[PDB]
Amino acid sequence: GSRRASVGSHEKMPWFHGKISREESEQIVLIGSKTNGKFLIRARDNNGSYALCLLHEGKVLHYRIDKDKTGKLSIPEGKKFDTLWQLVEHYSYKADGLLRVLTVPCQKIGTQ
Amino acid sequence: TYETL
């Protein structure tokens, strides 16, 4: 297989930037969104926790995302998922609790 | 800073 065990912080992705802070992405959201549904998850790899960041109608939000000493990621008010891929994709469906469902990746792109 | 899901 050769593909590491746990998610090796799959930076590669828009709505998944394990670099941004929280504001940095919220200013980015400032750029894109409006349509209520834009979002971008953040998850580094060193120490701390992840957090979903989306925008409603002009009020960026953030949702702490962590597991439960079980190994699976989740959210207090949100839900419970395996990884940010499920909590994201899932939520890509609905809000599940967010202010509003998801619709688009917010964070920036790459190069050009 | 975490809205309530």
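Residues numbered from 1 in each chain as written, not as in the entry; some residues may be left out. Chains lettered and ligands numbered in written order. Heavy atoms only, no water.

Header annotation of the entry names solution NMR as the structure determination method.

By the naming in the PDB entry, chain A is SYK PROTEIN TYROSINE KINASE, taken from Homo sapiens.

### A closer look at empty space enclosed by the protein
For the structure shown, the criterion picks out one cavity of 30 Å³ or more. Volume-wise, the largest cavity comes out at about 40 Å³. Considering the residues around the largest cavity, the lining is formed by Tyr63, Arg64, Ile75, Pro76 and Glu77 of chain A together with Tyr2, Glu3 and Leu5 of chain B. Among the residues making up the lining of the largest cavity, the classes are represented as five nonpolar, no polar and three charged. (1 Å grid on protein atoms, 1.4 Å probe; cavity = no way out; pocket = protein on both sides within 12 Å on 5 of 7 lines; lining within 4 Å. Points joined across faces, edges and corners; volume = space filled by probe spheres on them. Nonpolar A, V, L, I, M, F, W, Y, C, P; charged D, E, K, R; others polar.)

### Let's talk about the sheet that holds strand β2 (residues 50–55) of chain A
All names here are of chain A. Strands sit in the order β3-β2-β1-β4 across an open sheet of four strands; the sheet is mixed. On the outer flanks of this sheet lie β3 (60–65) and β4 (104–105), each paired with one strand and no other. Here six bridges tie β2 to β3, and the two strands are oriented antiparallel to one another. By the bridge assignment, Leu52 is partnered in β3 with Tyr63. Contacting β1 (38–42), β2 and β3, helix α1 (residues 23–31) runs over the sheet at an angle of about 140° to β3. (Pairing = 2+ DSSP bridges. Helix = DSSP H or I, 4+ residues; strand = E, 2+ residues; numbered from the N terminus. Contact = heavy atoms within 4.5 Å. Axes fitted to C-alpha atoms, helices over the stretch in contact; angles between N-to-C directions.)

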